[PDB]
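Okay, so here's just one chain, in structure tokens, the form deposited in one PDB entry.
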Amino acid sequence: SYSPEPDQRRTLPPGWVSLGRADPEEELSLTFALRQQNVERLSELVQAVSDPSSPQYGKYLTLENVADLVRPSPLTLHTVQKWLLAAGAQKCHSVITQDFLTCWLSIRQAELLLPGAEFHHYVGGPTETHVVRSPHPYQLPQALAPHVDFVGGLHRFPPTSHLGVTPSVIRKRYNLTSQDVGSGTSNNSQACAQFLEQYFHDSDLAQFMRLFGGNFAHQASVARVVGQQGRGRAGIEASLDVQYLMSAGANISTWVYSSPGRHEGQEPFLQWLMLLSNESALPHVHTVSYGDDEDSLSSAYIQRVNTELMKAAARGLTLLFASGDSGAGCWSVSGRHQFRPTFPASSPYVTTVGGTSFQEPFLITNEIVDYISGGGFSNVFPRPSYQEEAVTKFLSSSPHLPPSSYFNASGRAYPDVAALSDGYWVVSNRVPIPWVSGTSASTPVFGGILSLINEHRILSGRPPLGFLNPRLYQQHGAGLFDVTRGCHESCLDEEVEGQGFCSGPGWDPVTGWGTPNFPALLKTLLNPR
């Protein structure tokens, strides 16, 4: 037989208590990632539709278009089924793109179905979510190697984790006016997704807005919540996402994605991806907080996720991801240290958002790099051509360039952009919390400002921004305040003594093109083209 993910890290993360081996008769939800077809063609379409110097720019594909393009062959669907029918797979659902299948099997059924699998069960977090996973690798029978990419639910665990920043601070700094807000009578909407075991509360948002929202028109509440369950206790990550999205993109209808699938033995991020391909009418802008160490991921997983991201860009969705909170990172290989890039941040098909900080203790005059701001170079995805200019420029001109031992210069470099990541006020469990920091903060801020620009485009005769990056780089980041001072963190060692890459004049791998000066951005991204 065949082992599709031999390179998937299977080790138990910290914060997870191991219950023993799993009960034969105990159930499990596996999600089978079915072989797609015209992937190469999709990659061409994405570029045709998102490069502005291309006649098809903005001529986005409907979900239906995407499904006609990418859906598995009839041999795939038939073979995967039946094969699943036997082995007892019970009531399953697919999606529109029909390239995913989630079923219910008893573990002893799954264990025979996926030889090598040996399910244990765990409980983890501050909160405590249940999973069923296998610390041993699995195989598919050789038969359906060309029909299944991987099986979700086997190894990857869900995530576990100056002056104070206020909405007014953000609007002042990014030159948002009291009027620079949504005229919510179009179909423009925005979303944030988050995958911890937290709940966002309607009440906390209302409280937040009462305290902070006086000087701008704002939506009372969330338009829609996807993936809710029961009664909850709020956490700061779930609150920050929504509270700041709805402040940076003020009077705009907002959807919230609340760790889909999690309450079950499922991969939340995978489930959210799956969900994107099961509804045709989606928000134009999505801000996401999610990452793994790039090196921990199987090639099959990492490549397939990248394809799902491609499918998003084809539909004119603009996807933003936090660049991470560990700087360049730190990875000890053989017997050395390297930087440690992160993923879905390292994906070429996403807008990755870095972290910024105030320069002086008491003033908001200027932005400097925030120490924690994730950035770097992929070990998996080659430099996309859209950044060829900016990246080579950085490599050839940077004085504080780290030893090339620590990274791969040929890889997709990131982040793409940045915003304040330091010292946010959030409301959670009806209490205000002072000094919340992270690139999870900057991603929704950048997101909402983008979503606001989408309104000016669609109210006009124009299509949404979609996959922004090619335009962004093409226009030399124009519009964004260019962050020039500071470096992010890395390994506590002798070579690279706590220091990763540094910010410099052009684009850089700590803050991208820098930070959103709304008026300037508007202009540039509203130019005809």
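Each residue number is its position in the shown sequence, starting from 1. In this text, the rigid core denotes the largest set of C-alpha atoms whose superposition between the two forms falls within 1.5 Å.
There is another form of the same protein, the form deposited in another entry; it is not shown, and what comes next is about it.
Check your understanding: Can you tell which of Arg262, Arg412, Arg340, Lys311 moves its Cα by 2 Å or more between the shown form and the other one, with the two forms laid on the rigid core?
Key -> The listed residue whose C-alpha shifts by at least 2 Å is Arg262.
Exercise for review: Looking in that other deposited form, decide if the C-alpha atoms of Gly232 and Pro260 are closer or farther than in the form shown; they differ by 3 Å or more.
Suggested key: Compared with this form, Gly232 and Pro260 lie closer in that other deposited form.
Review point. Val426 and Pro260: do their C-alpha atoms lie closer or farther in that other deposited form than in the form you see, with a change of 3 Å or more?
Key: Closer is correct, given that in that other deposited form the C-alpha spacing of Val426 to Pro260 is reduced by at least 3 Å.
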